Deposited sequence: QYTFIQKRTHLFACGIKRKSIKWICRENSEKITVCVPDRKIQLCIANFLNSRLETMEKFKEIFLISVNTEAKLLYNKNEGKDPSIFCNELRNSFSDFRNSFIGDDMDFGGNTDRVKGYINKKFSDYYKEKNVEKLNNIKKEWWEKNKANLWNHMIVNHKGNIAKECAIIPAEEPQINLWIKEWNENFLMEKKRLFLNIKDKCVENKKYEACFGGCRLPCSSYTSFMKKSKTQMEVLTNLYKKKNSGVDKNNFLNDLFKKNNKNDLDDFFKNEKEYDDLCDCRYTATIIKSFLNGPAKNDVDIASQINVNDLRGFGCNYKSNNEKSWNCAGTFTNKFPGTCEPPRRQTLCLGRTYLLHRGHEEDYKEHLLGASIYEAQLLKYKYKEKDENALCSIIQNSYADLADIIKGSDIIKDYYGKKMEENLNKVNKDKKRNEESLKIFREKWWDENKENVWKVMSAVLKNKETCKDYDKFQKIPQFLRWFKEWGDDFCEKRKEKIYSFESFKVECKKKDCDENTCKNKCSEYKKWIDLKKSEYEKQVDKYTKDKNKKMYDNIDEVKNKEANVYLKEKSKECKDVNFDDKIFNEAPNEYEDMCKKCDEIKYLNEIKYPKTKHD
């Protein structure tokens, strides 16, 4: 026990630590090497050579015990490999061939070198190295035999044979490989177990996403680690892959080079990619949808409703001018489009993972664009364009947190981005700037996917400059173009109806129109008020082509290009139909 305590219990978890030595050279040492039993050398004065021989026998024999206890419950092949890899480190480290440093690795190295400088009375480093190599050659047999003396019956007969002498890195690359593949299995098994086939959108929930992301971080670490182990082999072998050691190692696993060695297989994406978010996002940013508008328009209902959205109802909702938001922003009217802006539900927002929130926002941005395209599919490109921008701008204000509505799912969008913010300073002005910056980092991508549903993608200009326009102002225009459009429609309805009767209950058609125009009149008044009251407060000083409400509409509202704002416009019946709505006796 006196010897076992000197070393210390081994950590079952297999991990490779990567530091940089005094030569600015990055190296990756296995945890097994770090805990290599070498403390006994320090607890002994090492009086004579025979004493050194004795302590060494204890060092290796003790190493076997702790390794055995370490691998209780594991595959016996591990205990076999670790014995051989540790015995190899006892050699390599003892003959000057070592990458590991710090701690007792150098504290024992220096001591051993010093005692050997006293034993042989030789202080030449190179000479000593040879002396030690010769000593090992003549003591390696007795060391190995004594190392596995109490564990011969716990390893295969083939493992009982003394390990072949090889360079340290040659053995570390081998060991690291077995640890990599072994760990890659376990992790991927948990993926299959939790993701199944990802046909029921398992990859969109923690159950499958967590193990998938755990596998991801493992591949990232593994790659960087092997990149080092790779460079060290080349460097130690004259910058050459001598004996095609690496080239072979790659083909042994059916891979070409490092890059391909970590290239996520098609299988992974099929199980870890939320098919109603990631799959489409990739299609819009890289795949078919990116270029083909027809493909970017085709909607997948299952994925749509899986995300938490639905087709824009054929019906038309009235502009909300009596929401709770009106309390702080009186006069504002929420566009029906905004009332149904696709934000989704999902599990990505909750956790607060930057990439997950990004994956969701893009998902919503896409669906929104698709649904709009499916609704206003019969509108010109110039019109459809401004419609996409209207939502793109709303999204911006929702993220930034400058949205006027602050609806349930609206806040959820903002507040969930605050969860992504791991900063501990959480005041309004602080959380604001954070989101505002985060938007600038992704606003370009958000637009790329949304603009993918337009025949000519570069028809929409100043989409970003449009977002910088105050929300209310953007809506007041949308209301103008809307009202004017539906006005022309209702006028065409009268012309098409008047002639129908002219050849072969006018009060009814009118009555319906009388109630409509009155409703639109109040929506016009509420906004016009806010526009004037806000103008006097000097809120729109930093806005060109703005510094009368009715006038502001004409120029901007392209639809109202042939309409003036008199008192006649809000009459119970059009001027040309004023006398016609009257005399309904006919």
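> Counting from residue 1 of the deposited sequence, where are the gaps with no C-alpha coordinates?
Model skips 1-7, 512-516, 560-561, 601-615 of the deposited chain.
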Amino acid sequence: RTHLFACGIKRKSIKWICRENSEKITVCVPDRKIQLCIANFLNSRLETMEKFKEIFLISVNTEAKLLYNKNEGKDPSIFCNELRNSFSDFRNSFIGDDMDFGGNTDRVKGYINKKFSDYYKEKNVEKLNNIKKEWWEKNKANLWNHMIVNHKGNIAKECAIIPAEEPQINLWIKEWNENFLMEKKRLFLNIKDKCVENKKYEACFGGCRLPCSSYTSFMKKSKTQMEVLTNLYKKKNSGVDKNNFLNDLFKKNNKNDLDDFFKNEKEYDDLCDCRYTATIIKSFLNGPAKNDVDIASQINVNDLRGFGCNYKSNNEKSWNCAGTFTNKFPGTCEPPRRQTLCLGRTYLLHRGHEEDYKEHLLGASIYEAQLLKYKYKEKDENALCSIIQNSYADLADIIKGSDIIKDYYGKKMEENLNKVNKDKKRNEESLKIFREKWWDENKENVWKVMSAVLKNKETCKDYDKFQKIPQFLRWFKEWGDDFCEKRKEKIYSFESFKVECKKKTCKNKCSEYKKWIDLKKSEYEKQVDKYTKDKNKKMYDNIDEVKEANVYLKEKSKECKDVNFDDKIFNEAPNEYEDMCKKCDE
From here on, numbers count along this sequence of modelled residues.
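> Quick check: 185-193 versus 378-386, which has the larger average CA B-factor in the record?
Result: 378-386.
> Please compare 520-528 with 553-561 and say which has the higher mean C-alpha temperature factor in the record.
According to the entry, 553-561 carries the higher average C-alpha B-factor.
> Name the residue from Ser88, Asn315, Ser222, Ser214 with the greatest C-alpha temperature factor listed in the entry.
It is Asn315.
> Maximum C-alpha temperature factor per the entry, among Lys234, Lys152, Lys411, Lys138, belongs to which one?
Highest C-alpha B-factor among the listed options: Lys234.
> Name the third of the chain's ranked CA B-factors that contains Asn418, choosing lowest, middle or highest.
For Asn418, whose C-alpha B-factor we compare with every modelled residue in the chain, the answer is the lowest third.
> Looking at the entry's B-factor column for C-alpha atoms only, identify whether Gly207 ranks in the lowest, middle or highest third of its chain.
Ranked within chain, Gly207 CA B lands in the middle tercile.
> Could you tell me which third, lowest, middle or highest, the C-alpha B-factor of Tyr201 occupies within its chain?
Its C-alpha B-factor belongs to the middle third of this chain's values.
> Lowest, middle or highest third: which one holds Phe261 when the chain's residues are ordered by CA B-factor from the entry?
Within its chain, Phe261 is a highest-third residue by C-alpha B-factor, going by the deposited values.
> Can you work out whether the C-alpha temperature factor of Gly306 puts it in the lowest, middle or highest third of the chain?
Middle third of the chain for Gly306's C-alpha B-factor.
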